[PDB]
Amino acid sequence: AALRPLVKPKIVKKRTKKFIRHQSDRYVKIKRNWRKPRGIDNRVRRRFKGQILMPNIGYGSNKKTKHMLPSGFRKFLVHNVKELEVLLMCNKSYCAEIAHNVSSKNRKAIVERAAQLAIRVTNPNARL
Amino acid sequence: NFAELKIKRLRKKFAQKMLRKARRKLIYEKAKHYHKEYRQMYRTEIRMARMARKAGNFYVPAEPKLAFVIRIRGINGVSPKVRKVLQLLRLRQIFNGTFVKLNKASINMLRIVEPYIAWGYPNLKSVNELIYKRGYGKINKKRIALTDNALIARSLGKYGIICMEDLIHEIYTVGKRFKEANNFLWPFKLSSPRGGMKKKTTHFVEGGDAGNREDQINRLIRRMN
Amino acid sequence: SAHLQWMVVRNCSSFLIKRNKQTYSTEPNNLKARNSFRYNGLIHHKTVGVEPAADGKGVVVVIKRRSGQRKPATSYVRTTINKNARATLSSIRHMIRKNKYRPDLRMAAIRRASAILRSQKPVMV
Amino acid sequence: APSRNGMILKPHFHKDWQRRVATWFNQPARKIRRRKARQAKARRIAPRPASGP
Amino acid sequence: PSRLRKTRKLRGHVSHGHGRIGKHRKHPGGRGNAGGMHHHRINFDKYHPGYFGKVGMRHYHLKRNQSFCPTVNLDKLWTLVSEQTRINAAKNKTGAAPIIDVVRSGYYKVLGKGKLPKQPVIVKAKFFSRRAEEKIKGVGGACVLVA
Amino acid sequence: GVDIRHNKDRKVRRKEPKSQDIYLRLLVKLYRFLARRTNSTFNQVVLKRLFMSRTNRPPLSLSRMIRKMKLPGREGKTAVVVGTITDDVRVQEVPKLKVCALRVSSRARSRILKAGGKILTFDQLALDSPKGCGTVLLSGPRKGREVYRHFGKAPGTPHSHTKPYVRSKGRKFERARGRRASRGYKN
RNA sequence: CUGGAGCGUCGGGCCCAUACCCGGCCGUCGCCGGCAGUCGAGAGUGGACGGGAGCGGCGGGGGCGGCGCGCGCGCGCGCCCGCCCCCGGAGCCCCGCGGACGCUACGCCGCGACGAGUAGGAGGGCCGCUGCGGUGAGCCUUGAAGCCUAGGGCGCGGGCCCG
RNA sequence: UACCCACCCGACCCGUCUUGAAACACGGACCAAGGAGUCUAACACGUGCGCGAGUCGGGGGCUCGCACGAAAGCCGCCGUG
RNA sequence: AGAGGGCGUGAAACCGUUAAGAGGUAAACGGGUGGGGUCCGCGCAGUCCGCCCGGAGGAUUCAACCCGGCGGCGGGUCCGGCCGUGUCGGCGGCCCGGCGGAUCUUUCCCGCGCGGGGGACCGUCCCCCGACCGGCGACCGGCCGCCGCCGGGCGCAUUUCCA
Ligand SMILES: [Mg+2]
Ligand SMILES: [Mg+2]
Ligand SMILES: [Mg+2]
Ligand SMILES: [Mg+2]
Ligand SMILES: [Mg+2]
Ligand SMILES: [Mg+2]
Ligand SMILES: [Mg+2]
Ligand SMILES: [Mg+2]
Ligand SMILES: [Mg+2]
Ligand SMILES: [Mg+2]
Ligand SMILES: [Mg+2]
Ligand SMILES: [Mg+2]
Ligand SMILES: [Mg+2]
Ligand SMILES: [Mg+2]
């Protein structure tokens, strides 16, 4: 029963799946990472049928629900204590993410400050 | 001050409930020729064929002045002299339609694009359904919906055209301002013919769908509104 | 002038901070960490700030003087408020408004003060 | 291969500029090498117009 | 800088802003200003007309110092001399006319462009124009030569 | 299936100044302010110039601003220039003027003020006359730049006489295959 | 497969594309766009201020009507005379006395309209690598880089962020 | 969303030269690491900023053991061009 | 020592075995679901919170009011003074105000017609005071109006805390 949002809209995602690179499957030297294919002959790029789909714009996401975590609070990468008080007003629309490389002692310091002033933290219960 | 103003602005307020009544009334009684002419034009054509038939004798009704033209085929594999006409008729997209004023010049523009279009002399209920259901206007160069008729008056009030019904003389009867009536009017984008065509390719005359269909375009318009 | 400083300090600012699609401003007395004209501390010549009192309880309300700025030490004056939430806000409200002193912050200053107060009481079960 | 309006240009780099290029990162240390002469000569010839005859 | 170049935007871009039909081969035309008569002709003839050939007469060993001769236009003498030397006079009532060594300001010749203010002058110069003569005369004042 | 060319639907006008100079960006800001609002076309046009480039807001000479304000009717107005005023060493009876400019070269400054004129700036103008009432827009000659002589048809085409670009002019430096009719032909 | 599932000429009915319609959403261009603190929706002025007066008015077209009318001028109150008074208060859909939450003034908002692509261009890249000047009372032996992860996620994606 | 698996529809291997490639054309076993539009001079247009009938830049000078410095500052130089 | 003498880290191809699931159209791929797992959120009710209000319990001092103090804000009389913009006056700095000018005098002085210096002139920049005006974020003093804090008064149908 944590820190509810200001407003919880229906988040919709036009495609939920990743955009693998052509032949990232056969070859190990290819990372899944998109690289747009500029083959003269290549079937993908001539948007051919039942081939891998190409990442294009209009097949991107709603302005409101853009960038927005399943709960509602978009991240901030909070990185020490002082950076947390930035969200003190913008508490209820978006939350704290505590950076990977903060040391377990201040990883704690930040958390209980957050809860003090009611800012959600997505990894509150992490290093311990 | 306060209660010399209070009144002064309430007046303006009411001087409107005059005005937007007055006009509202005007429209309503305009709509009342727009019955009376609209009937009297029917009967007075029957009236007369009835008159002729009594003698051993014989009508030829007025040649049609109005013929909304539907484009019926797409836009690739298209000759030039055609494609230019089809974008003078504003039938750019496949299979929209416009209200065209027949006329030696216009008739003879349709000869030349015949194999791609389908026109006919449409009927009131056709004009209605079209202007009402699929009539947006061109306002600051924008397909904007005709929902209130302060949008028609706003472009055409200088031709004594003030309402959705005043448009609709100027679209049978041709009238003086066919031109400007039929050029705020933005080409009517019509859905696929429900129940389907006969043959996109050929003259109606040889069983197809193209060029002239006298009168019989009104089957076609029901199916495409 | 204000409007000018801004254009220097729009981007390029040490209390400015942009990660992760937000932008923000950690300066002393803006209210609500915004990057802005209205809600910025320094640029301008009259400024309301709201921040927690050093003791643990209450709210200090920082008001820029405008008697003589380019005088950082004294340019710029404070006051504690340890009361009972409602009067605490009514004080800030009456301090900003009916003192025609930047009646923009007006609400933000309240929202801050209100948010400060909730950060200081029996924290959690 | 010229294209549509320029000058002719006979840049003279058909020889071998590359080998015999003098760069000037002496310039400022030279400035100083010089300074110390102007300086020294004067202190040596003490009372005598530093500039010369 | 490297950062702000098209070559950055041409990676993954195979032929590199250069065409994969006819590649970027080394030196298709020739090398430099080469084929002026033959086949690059159409430039040289339409864009640099009058390149190919001799004309005129040699003057061989030549030195510019021999024929150094700058120009000034009447237009702006009433600059050369400090504007106060004009405001003094135009007034004064004796027909002073200040002297202007177009020499001393650096010009071996004075030429008749522009208006000249109605104001008598003594211009000492080298190689005067005719019109410069006439204008100065017709204003008032004189034309003195210098060697 | 719409059958328009998409070739030049996008218009190519400048819609912010390209510079980062805070003061231009401010008096630009000032008339996004006015030009939206007030009926006057003037401040649209001035807006539309603050906007434009150096090369394309050429400087006015003082002398040319004289013979554009000497004309009958134009007395008592303000000369207005989205650019710079410069001297004309070859002019002398400077009449008393009222000017606006982004810049005025320091020597023109002293010449105007000595005559008991005034100079304004693109803010004071906005208070003087926000609608542009009682003003005169002037620009320098945009077909001025020595560049513009290189422009046109070409040198070598028929009687269309256009500078060619030549490393150094002189006797031997383009006078031959195509200029003396004795030496091939001529155009 | 055979009065056929063959071939002529014809009906209805139905099936389906990335095509058209309506809607949804994400691009771009334009709107002489609005929005940097203001009235006002075929907008068809507003205001002094005087002299005179009042139920006057502006006693004009089957126009069907557009520019003049039936929510008021004057009036309720103070009592034929005065008023017709102040937002630090009218109580507010208009508010011009001061202005978004919204106004990173290269921010955000509404309209419409449109977004096949090799070569090429151009633009945009809080896309990515390494170096330095600034700056982040950045982070760090309470564990950095890398590395590893069928540990939650986010971007359309370069990648990015988290276990 | 990702792993395995299952099904239904779709479906030829990329790169390249190529009027036309899945090619009974050529490169290509796989993986790591390295790897290809760079610098300079000269033009030219476009644009940014300074000053403006000028404006500069050196090369020289005057001011450093440089920590920063082989910097910065300044010069009837400043115009000998 | 999962830093062991070619020893920091220690990837991929590649191979090592443990677990799960599959397996007649070579694998591998696109779209769509379904089953299962490893994990990940939870819930041993997730009934999510935040105002305001009414009711019933329980508890501190107030809020409304003045009075003493302190500190702001705003107003103006520009009242008084200080400040600067535009104008005028002082020709008053002008020699006790300089610097620029090929302006002018070798009536001057020094040094050798020239150089240096002095003296006259114009353009510039300072004092005196007087007058008008932008009276300007440039104050500072009094008078005011309002706000806030502190300290006094006000003991409880008030004003808070809690459930
Ligand atoms: Mg076809
Ligand atoms: Mg020497
Ligand atoms: Mg390409
Ligand atoms: Mg190639
Ligand atoms: Mg070829
Ligand atoms: Mg495209
Ligand atoms: Mg070949
Ligand atoms: Mg074959
Ligand atoms: Mg080969
Ligand atoms: Mg180890
Ligand atoms: Mg070590
Ligand atoms: Mg090891
Ligand atoms: Mg294994
Ligand atoms: Mg097994």
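Any read-out appearing in this document is the output of simple, stated calculations on the displayed coordinates, not a laboratory observation. Positions of Cβ are backbone-derived with ideal geometry, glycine not excepted, and every protein chain shown enters the neighbour counts.
If you wrap the tightest convex hull around every Cα atom of region F:41-119 and split its volume per residue, you get 96 Å³. The alpha carbons of chain C give a radius of gyration and a Dmax of 15.2, 50 Å, in that order.
In chain F, the inverse of the mean reciprocal separation of distinct Cα atoms equals 20.0 Å; this is its Kirkwood hydrodynamic radius. Taking F:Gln92, F:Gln44, F:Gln124 in turn, the Gaussian network model of chain F (Cα-Cα springs below 10 Å) assigns the largest fluctuation to F:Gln92. For chain E, the longest principal axis of the C-alpha atoms and the axis of helix E:130-139 are separated by about 40°.
The orientation-averaged projection of the convex hull spanning the C-alpha atoms of region B:87-205 amounts to 8.1 square nanometres.
Sorted into 5 angstrom bins from 0, the C-alpha pair distances of chain D split as 4, 13, 11, 10, 10, 9, 8, 8, 8, 7, 5, 4, 2, 1 percent. Computed across region A:6-127, the Kirkwood hydrodynamic radius from all distinct Cα-Cα pairs reaches 17.8 Å. Between the amide H of B:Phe68 and those of B:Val100, B:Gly120, distances stay under 5 Å, these residues lying 5 or more places away or on another chain, with hydrogens modeled in the peptide plane. Give me the distance between the Cα centres of region E:75-89 and region E:99-147, rounded to whole Å. So the two Cα centres are separated by 13 Å.
Given R₀ = 56 Å, FRET efficiency for C:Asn82-F:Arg109 by Cβ-Cβ distance, to 0.05?
0.40
Here the residues A:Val12, E:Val139, ranked from fewest to most Cβ neighbours within 10 Å of their Cβ, fall in the order A:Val12, E:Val139. Taking the longest Cα principal axis of chain B as reference, the axis of helix B:2-54 is set at about 30 degrees.
Restricting the calculation to Cα atoms, region F:98-187 yields a radius of gyration followed by a Dmax of 23.4, 67 Å. Taking every Cα-Cα distance in chain E and sorting them into 10 Å bins starting at zero, the pair-distance distribution P(r) comes out as 9, 22, 14, 11, 12, 15, 11, 4, 0 percent. When E:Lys26, B:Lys84 are arranged by Cβ crowding within 10 Å, least crowded first, meaning fewest neighbours, the order is E:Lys26, B:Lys84. Spin-label model, B:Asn225 to B:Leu88: label points 7 Å out along the Cα-to-beta-carbon direction sit 3.0 nm apart.
Take every DSSP beta bridge whose two residues both sit in the protein assembly as shown; close to 45 percent of them are antiparallel.
Based on the alpha carbons, how large is the Rg to Rh ratio for region B:141-210 when Rh follows Kirkwood? Mind dumping the intermediate values first?
Values: Rg = 16.6 Å, Rh = 14.4 Å.
Here the Rg-to-Rh quotient is 1.15.
Between E:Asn73 and F:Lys153, the distance separating the two model label sites (each 7 Å from Cα on the Cα→Cβ line) works out to 2.8 nm.
Mean partner shielding of peptide C:76-84, defined as the number of other chain Cβ atoms within 10 Å of each residue Cβ, is 0.
Across all Cα atoms of the protein assembly as shown, the radius of gyration (one decimal) and Dmax (whole number) stand at 41.8, 145 Å. Where only DSSP H runs of four or more residues are counted, the protein assembly as shown gives -8500 deg cm²/dmol as its mean residue ellipticity at 222 nm, each run worth -39500 (n - 2.57).
For region E:20-29, the Karplus equation 6.51 cos²θ - 1.76 cosθ + 1.60, evaluated at θ = phi - 60°, returns couplings of 9, 6, x, 6, 8, 7, 5, 9, x, x Hz by residue, with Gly and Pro reported as x.
Please report F:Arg49, D:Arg48 as a ranked list, fewest other C-beta atoms within 10 angstrom at the top and most at the bottom.
D:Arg48, F:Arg49
Note on E:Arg11 and E:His27: their simple-model spin labels are 3.2 nm apart, each label 7 Å out from Cα toward Cβ.
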